[PDB]
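Presented below, as structure tokens, is a lone chain in the form deposited in one PDB entry.
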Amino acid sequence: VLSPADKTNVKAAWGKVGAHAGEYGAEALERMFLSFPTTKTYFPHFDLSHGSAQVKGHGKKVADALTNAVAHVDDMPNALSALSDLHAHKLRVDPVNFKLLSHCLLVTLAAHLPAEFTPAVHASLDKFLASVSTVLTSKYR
């Protein structure tokens, strides 16, 4: 579960992201593609080159979904309902990849939040991304 303190920590750190959410989503995706090349199997239809509009666009969508989740942290299943349907019924991304994307989001956050990425905040962020991943895979079977 996300504790009330987790929720405080996430809201604080994500507020800080603010207007960079899109740039940070794209950087996380690139970190994923480069560090974990098997994740590219889900994007064979994409221009994955550095700075591509497709990566930047997908980065923003991912960022905005995360913002939505932070905003409705107390009821992420309802808030992410359409997105959970989409991953479960259409995209069908193997659940293992969520941990890889989550790790890459966390690394992006650490690289951009020197002031805010304390051990406690690190833990909360990790839990939060795990929770989001659970919600997004909840309807797979």
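Residue numbers run from 1 along the displayed sequence. Basically, rigid core = biggest C-alpha set you can superpose within 1.5 Å across the two forms.
Colleague: Name the stretch, 87-95 or 74-82, whose C-alpha atoms sit farther from the shown form on average in 6 other deposited structures of this protein, taking the rigid core as the superposition reference.
Modeller: Checking 87-95 against 74-82 in 6 other deposited structures of this protein, I find the farther stretch is 87-95.
Colleague: Figure out for me whether 23-31 or 42-50 is the more displaced stretch in 6 other deposited structures of this protein, taking RMS C-alpha distance from the shown form once the rigid core is superposed.
Modeller: More C-alpha displacement in 6 other deposited structures of this protein shows up in 42-50.
Colleague: Regarding 11-19 and 122-130, which shows the higher C-alpha temperature factor on average in the entry?
Modeller: According to the PDB entry, the answer is 11-19.
Colleague: Return whichever of 76-84 and 99-107 has the greater mean Cα B factor according to the PDB record.
Modeller: On average, C-alpha B-factors are higher across 76-84.
Colleague: If you check the C-alpha B-factor for each of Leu48, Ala115, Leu29, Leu91 in the entry, which is highest?
Modeller: In this record, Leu48 carries the highest C-alpha B-factor of the candidates.
Colleague: Taking the C-alpha B-factors as the PDB entry records them, is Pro37 in the lowest, middle or highest third of its chain?
Modeller: CA B-factor rank for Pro37: lowest third.
Another form, the form solved in complex with a partner chain, is not on view; read the next lines as being about it.
Colleague: With heavy atoms only and a cut-off of 4.5 Å, decide whether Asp47 touches its partner chain in the bound PDB entry.
Modeller: So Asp47 does not count as contacting its partner chain.
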